[PDB]
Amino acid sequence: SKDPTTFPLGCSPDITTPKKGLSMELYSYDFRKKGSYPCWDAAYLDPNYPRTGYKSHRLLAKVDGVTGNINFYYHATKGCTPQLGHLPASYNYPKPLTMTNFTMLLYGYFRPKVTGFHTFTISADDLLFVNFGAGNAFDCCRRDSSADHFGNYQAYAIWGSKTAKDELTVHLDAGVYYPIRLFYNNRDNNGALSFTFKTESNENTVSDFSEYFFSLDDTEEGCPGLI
């Protein structure tokens, strides 16, 4: 199914070794013309923006190997102004960009170290939408064929809501590879992203996904979860 669940389906890759990290795509996201009220564009909140809307914007980059700690907080000096900044080294993107106003997509697989309930906690300024699980995010080693067909969000955080924070609790199996999609936007001013998790297994919070995030090439037959 494509719907969100407490028991997402995962994937079992064959020989070809998973590559470390997620793939990232960076897109432009403009302010409105000077004098507009507000200065920022609300286009990022169109329900189709994370499916088809972002594609109409300028592609800035596509990179592989995104892993480690992917959290960031970018302090702008003021609102309504394009300002330059850099993503954390973990994003494997060494060029400056308009950190005040941009859209970013991350996708790949999450591999647990434990079998049991995982709670992922997210926050964002302005927006982080998470899909998680086969179908919900995308199909097992059939991502290109299924990437636009993601289902309802497992978790989402929008700056301006009560909390700007959400959680996803899911039962996962260790060593299985779960499709994951993160969709981020900054419309104006400061920008933030937090993505961490805990499990029933202990009281450690994971912020560094060096051993958790992976990429698998698509295959003829796909790589459906065998366990």
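Numbering starts at 1 and follows the sequence shown.
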* 210-218 set against 8-16, stretch whose average Cα temperature factor tops the other in the entry -> 8-16
* Higher-scoring stretch by recorded Cα B factor average, 139-147 or 105-113 -> 139-147
* **Identity of residue with top Cα B-factor, from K165, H171, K198, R181** => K165
* Most elevated Cα B-factor in the entry, residues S194, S161, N48, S28 -> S161
* To do: Using the B-factors in the PDB entry, rank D188's C-alpha atom against the chain and give the third, lowest, middle or highest.
  => lowest
* **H75 CA temperature factor, ranked by third within the chain** => lowest
* **Where the record places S123 (Cα B-factor, split into thirds across the chain)** => middle
* **Cα B factor band for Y93 (lowest, middle or highest third within the chain)** => highest
* Within-chain third of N69 by Cα B-factor, per the entry -> lowest
